[PDB]
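J.: Here's a sequence, model it:
(4 chains)
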4 protein chains.
Amino acid sequence: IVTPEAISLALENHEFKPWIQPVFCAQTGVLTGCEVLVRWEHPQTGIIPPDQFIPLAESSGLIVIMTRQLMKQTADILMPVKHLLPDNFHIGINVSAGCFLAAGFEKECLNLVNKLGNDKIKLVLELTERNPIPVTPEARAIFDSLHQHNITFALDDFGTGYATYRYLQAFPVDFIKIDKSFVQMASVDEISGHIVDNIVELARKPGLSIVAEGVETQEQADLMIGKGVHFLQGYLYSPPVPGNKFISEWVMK
Amino acid sequence: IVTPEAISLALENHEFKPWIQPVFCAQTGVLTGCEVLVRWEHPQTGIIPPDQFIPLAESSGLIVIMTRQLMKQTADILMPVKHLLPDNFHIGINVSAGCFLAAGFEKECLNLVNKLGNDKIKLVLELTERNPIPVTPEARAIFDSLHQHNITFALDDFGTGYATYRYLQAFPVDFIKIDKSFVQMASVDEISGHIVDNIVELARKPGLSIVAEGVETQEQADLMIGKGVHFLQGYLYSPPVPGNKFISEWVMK
Amino acid sequence: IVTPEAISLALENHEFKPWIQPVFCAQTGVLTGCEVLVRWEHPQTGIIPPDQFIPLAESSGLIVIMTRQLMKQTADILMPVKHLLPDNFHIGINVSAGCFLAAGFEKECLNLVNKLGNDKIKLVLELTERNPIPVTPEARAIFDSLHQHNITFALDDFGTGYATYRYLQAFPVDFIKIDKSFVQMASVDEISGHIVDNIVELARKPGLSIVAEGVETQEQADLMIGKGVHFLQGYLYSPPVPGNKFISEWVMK
Amino acid sequence: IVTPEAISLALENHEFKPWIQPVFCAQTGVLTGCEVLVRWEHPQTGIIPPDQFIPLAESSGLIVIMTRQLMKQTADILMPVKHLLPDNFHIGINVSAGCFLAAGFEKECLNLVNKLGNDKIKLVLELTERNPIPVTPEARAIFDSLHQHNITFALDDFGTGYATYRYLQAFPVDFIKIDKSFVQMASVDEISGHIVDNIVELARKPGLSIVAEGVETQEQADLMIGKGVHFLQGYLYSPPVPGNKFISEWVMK
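T.: Numbering: from 1, shown residues only, chains lettered A, B, ... in the order given. Provided below are the atomic coordinates:
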């Protein structure tokens, strides 16, 4: 059904598309950036969602190709409209350890930034919780090198998987994205709200910015805003959308 | 060299001994409890340290036997002196998911507590970071059952492995033990101290107690005490010691 | 449900029993030996068949303990009646690569043979098809050592898994056991019968003996006998049975 | 060094070349066919041999692309000279389970055969021993479909990996290729020769043809010929060579 060969074939047939989800300033509601997500549109049978292919992409290693293509395609999509983007427009790309450590990764990040404007945009590498970067000198060298080139980092889905305090200690990242399981449970249960407060306090000393993921309702947003979260993202504002529709809805109007 | 069969044989030959490390009130320096640790004394060749056998104990499943024996032996060691123990004396036992989910686990915990005094002692199950308890109804039922019997829980080596905010959200534990990597780096680096502050703030709302592990120097202790940590443990006070020596040094004088 | 810890606990609780299946001379119908098989009798819920635990026993490594116990228990079962066993009575034990390479394996085989009579019995190590012995000098040394001690080898379930011509080339074994899938399909399909002929021709040059497994009907037996198979085993004669019943039915009458 | 991304890049840069090894009638020495093998010529550093990339091609799934390209390129190479090929000229292509089960496989095989002459050539899918086709109705349907289109099958490297009697039982193939480890050891050791005899007897009933692989010396050939092997292949006649050289040496003279 879903195999490494089917993923390879799908990459060659360009069936993996960059869908783009806007991200907003929590204070003002204004567009500040986006996240690039992947959708597999199988020509006959339809969507195969990330949950069914990403893991196998990761274990097979094909994720490296997929992420490279996605980065390239995102540059193509946003280049025509880059002069219309707000200043300091954030572009979130999901990065696993495999991609981060692969030969040629830094180069691919530079190509994206140079095409779009070294100083107009901010590339945010959203480090995944499943396949954490190893805590080694060589990993830290790649991390520092990218930082020197004004590329930034997020701990994605923070509070789940391997997204622990240790990653913040080993790597001075720039953003923390709060997993949706805390955003959506804050004020259903007894600790989730407290956990968000904790992530807010965590960020404050080193001066990191926080994004709440999975914001689905207005009460969730108000709650996140009240607690000092900096950016918001979720279905309340918009799900991820095809690039042309991202441009048409959120950039060019 | 180290195999599952060698571990089995070593269990039958009683080569795995409960060594006991005292734990202290951070405010006053007073003895409040202990942790039970395992040492493998191979008759010819000497110590085989936990790092070389625990993982294989865990993957083989033999850990369940080992932990059961350790619990039993700890009861035997402390029973003669239980009337000399301070009130609310804490006994820390390291528990993996495998042990926690095994048939007969709750019974073994009760046997320990009943032998030593339902109300004199407090059993603390120190949940490991490597092999986390699954987040399921059945796991939560076992957890709640043990709580109803006045047994308590710690997230051990918090901030490392799978010891994440999620575990605190899924399981209302009673203690957090701060991994030594934060205790010992707090005031060498730029975030470790901040991380300890964060763990202190985390605990405060639900009213959990914190123990700093790996306290090795007086400056580390002072630092942990100053930051509001409740209990201290480490080589500064004492390494783990054989039971008879634990009793002789810390209980019976 | 079935875990490594449950297998460990079951080993300690002696829930894994040696059941014994007789093996017969194809020419005469006479008892020539047996195979020792394992049955897990779970005290409440009943049988857990080999298909559900062996693989996990193998990957966890616990198989080494289980096989050792089975060998020991087989000696205990047959010792009281060893003087009643036919001469050259074969005892088949199922052995994986893990058991074969584990420290202490040769010793366990000798203990079995010495207890039962160096020259009355023939121990047959039935090498499994799933977890083949590696083709290395060290493996061959263990193999040769055991041969020098008059212990013999079978390629079990030959024609399936990794039970290939290569194993016969690397290890001069003494027996081939034909997988039941060929025995039972010989004269349903177009090649299975031909495959059995092939295994018979294979054995003839080096002078190996063949046992047909899974003999279920008289026509299957007649067919195997006609094709020059030396030994027969299967439900037609008897399924595996508890030891006491093996002794009572096949040895002591 | 060797990664899935490097393999992808190498495919796009056409660094994987079809080298072709002739195959001959054992009786007469006459050219009867060929096998298509892959060589990775890295532009700076030189050859990367199959042992270092095939496994990763297979696990990544990229093998499907590579095999497709190889099939296409083989058609291009032989088309100009197809009228010069002997009748019933065999073309051996190495096929793993992944390729065999991938969408579009049957079509690629037809394209090769139609380009070269439905009745001049015989396509032989050489099924690998490492990644066996699963024994399922759906696999058998694909197998039967290809057979109806006059495409044929070989069990490659028979006697090693998963190349067992079972594959012959599940799939009525047309050829068996004897692994070189038996060809080259026949008359060094005590069983290898016997194994070849066995493969010859195996083939005879269903009427399969045998090819001896890795024929390196004249004595190996004479031995294989004497034992009733139908086709020969190996360095004694020719190693694999670039296509142009295959055509120039073995077809066009």
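J.: Could you report the neighbour count for the closest residue to chain D within the stretch 101-250 of chain A?
T.: Of all residues in the stretch 101-250 of chain A, the one sitting closest to chain D is residue A:102 (6.0 Å; C-beta to the nearest C-beta). (Each C-beta comes from the backbone N, C-alpha and C, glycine too.) Counted with other C-beta atoms under 10 Å in any protein chain shown, residues neighbouring residue A:102 total 21.
J.: so what's it up against?
T.: Listed by C-beta atoms under 8 Å, 6 or more residues apart in numbering or on different chains, the contact set of residue A:102 reads A:64, D:3, D:5.
J.: run the last query once more with 6 Å
T.: With C-beta atoms under 6 Å, 6 or more residues apart in numbering or on different chains as the criterion, the residues that contact residue A:102 are A:64, D:5.
J.: Could you pull out the helices in chain A for me?
T.: Under the criterion DSSP state H, chain A contains helices at A:4-12, A:50-60, A:63-78, A:97-101, A:105-116, A:137-148, A:165-170, A:180-183, A:192-204, A:218-226, A:243-246.
J.: so how far is residue C:7 from the nearest residue to residue A:143 once chain neighbours are set aside?
T.: Once flanking residues are discounted, residue A:143 sits nearest to residue A:171: 5.7 Å by C-beta to C-beta, 6 or more residues apart in numbering or on different chains. Noted for residue A:171: a distance of 40 Å to residue C:7, by C-beta to C-beta, to the nearest Å.
J.: Pick out whichever of the two has more residues nearby.
T.: residue C:7 (25 against 20).
J.: Name the nearest residue to that one, ignoring sequence neighbours.
T.: Using C-beta to C-beta, 6+ apart, the closest residue to residue C:7 is residue C:62 (5.1 Å).
J.: Surely the one you found touches residue C:5?
T.: No - counting by C-beta atoms under 6 Å, residue C:5 is not a contact partner of residue C:62; they are 9.8 Å apart.
J.: Can you give me the buried ones in the longest strand belonging to chain A?
T.: When chain A is parsed with DSSP state E, its longest strand is strand A:31-42. Within strand A:31-42, the residues scored as buried using 16 or more other C-beta atoms under 10 Å in any protein chain shown are A:31-40.
J.: Also near chain D: which of those residues, exactly?
T.: Contacts with chain D are made by none of the buried residues of strand A:31-42, judged by C-beta under 6 Å from any C-beta of the partner chain.
J.: With respect to residue C:163, which of those residues is nearest?
T.: Nearest to residue C:163 out of the buried residues of strand A:31-42 is residue A:40 (C-beta to C-beta; 40.6 Å).
J.: For that closest one, which non-adjacent residue is spatially closest?
T.: Spatially, and ignoring its direct neighbours in sequence, residue A:40 is nearest to residue A:48 (4.3 Å; C-beta to C-beta, 6+ apart).
J.: same thing with residue A:205?
T.: residue B:194 (4.8 Å).
J.: That neighbour touches residue A:203, doesn't it?
T.: No - under the criterion of C-beta under 6 Å, residue B:194 is not in contact with residue A:203, lying 10.3 Å apart.
J.: Near chain B, which residues of chain A? Just list them.
T.: A:159-160, A:164-166, A:169, A:191, A:194-195, A:198, A:201-202, A:205.
J.: Is it possible to mark the buried ones in those?
T.: Judged by 16+ other C-beta under 10 Å, buried ones among the residues of chain A next to chain B: A:159-160, A:164-166, A:169, A:191, A:194-195, A:198, A:201-202.
J.: Can you add distance to residue D:90 and give the residues you listed back as JSON lines?
T.: Formatted as JSON lines, these follow (distance: C-beta to C-beta, whole Å):
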{"residue": "A:159", "distance to residue D:90": "61"}
{"residue": "A:160", "distance to residue D:90": "56"}
{"residue": "A:164", "distance to residue D:90": "59"}
{"residue": "A:165", "distance to residue D:90": "64"}
{"residue": "A:166", "distance to residue D:90": "59"}
{"residue": "A:169", "distance to residue D:90": "63"}
{"residue": "A:191", "distance to residue D:90": "69"}
{"residue": "A:194", "distance to residue D:90": "72"}
{"residue": "A:195", "distance to residue D:90": "67"}
{"residue": "A:198", "distance to residue D:90": "70"}
{"residue": "A:201", "distance to residue D:90": "73"}
{"residue": "A:202", "distance to residue D:90": "68"}
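J.: Taking the residues you listed together, which two end up most distant?
T.: Using C-beta to C-beta, the two most remote members of these are A:169 and A:191, lying 22.8 Å apart.
J.: Find the nearest non-adjacent residue to the residue in the stretch 1-150 of chain A that chain D sits nearest to, please.
T.: In the stretch 1-150 of chain A, the residue found nearest to chain D is residue A:4; the distance is 2.7 Å by C-beta to the nearest C-beta. Leaving aside its sequence neighbours, residue A:4 sits nearest to residue D:61 (C-beta to C-beta, 6+ apart; 2.7 Å).
J.: Quick one: residues contacting that neighbour.
T.: Contact analysis of residue D:61 by C-beta under 6 Å, 6+ apart lists A:4-5, A:7-8.
J.: now for stretch A:89-103, what's the gap between its first and last residues?
T.: Start to finish, the residues bounding stretch A:89-103 are 27 Å apart (C-alpha to C-alpha, to the nearest Å).
J.: try stretch A:213-220
T.: Its first and final residues considered, stretch A:213-220 spans 10 Å by C-alpha to C-alpha.
J.: Need the residues that contact it.
T.: The contact list for stretch A:213-220 (C-beta under 6 Å, 6+ apart) reads A:177, A:180, A:183-184, A:221, A:232-236.
J.: ok, 10 Å please
T.: A:21, A:23-24, A:26, A:35, A:156-158, A:177-187, A:212, A:221, A:223-225, A:229, A:231-237 (C-beta atoms under 10 Å, 6 or more residues apart in numbering or on different chains).
J.: same deal with stretch A:115-123?
T.: Against stretch A:115-123 from outside (C-beta under 10 Å, 6+ apart): A:32-33, A:71-72, A:74-76, A:78-79, A:82-83, A:85-93, A:109-110, A:112-113, A:146, A:149-153, A:174-175.
J.: for that stretch, which positions count as buried?
T.: A:115-116, A:121-123.
J.: so which of the residues of chain A next to chain B would you say is closest to residue C:12?
T.: The nearest member of these to residue C:12, counting by C-beta to C-beta, is residue A:164 at 35.7 Å.
J.: Correct me if wrong: that closest one contacts residue B:158.
T.: Yes - contact between residue A:164 and residue B:158 holds when scored by C-beta atoms under 10 Å: they sit 8.9 Å apart.
J.: tell me the contacts of residue A:34?
T.: A:19-24, A:74, A:78, A:85, A:89-92, A:124, A:233, A:238, A:240-241, A:243, A:246, A:250-251.
J.: excluding its backbone neighbours, what's nearest the closest residue to chain B within the stretch 1-150 of chain A?
T.: Nearest residue of the stretch 1-150 of chain A to chain B: residue A:129, at 9.1 Å (C-beta to the nearest C-beta). Among residues not flanking residue A:129 along the chain, residue A:161 sits closest, at 3.0 Å (C-beta to C-beta, 6+ apart).
J.: Equivalent analysis for residue A:244, please.
T.: residue A:77 (7.7 Å).
J.: for residue A:54, same thing?
T.: Leaving out its chain neighbours, the residue that sits closest to residue A:54 by C-beta to C-beta, 6+ apart is residue A:63, at 7.3 Å.
J.: give me the number of residues near that neighbour?
T.: 28.
J.: list the contacts for the residue sitting furthest away from the middle of chain A?
T.: Centroid-distance maximum for chain A: residue A:44 at 28.8 Å, with C-alpha atoms, centre = their mean. Residues near residue A:44 by C-beta under 10 Å, 6+ apart: residue D:103.
J.: Kindly indicate which of the buried residues of stretch A:115-123 lies nearest residue D:14.
T.: residue A:115 (27.0 Å).
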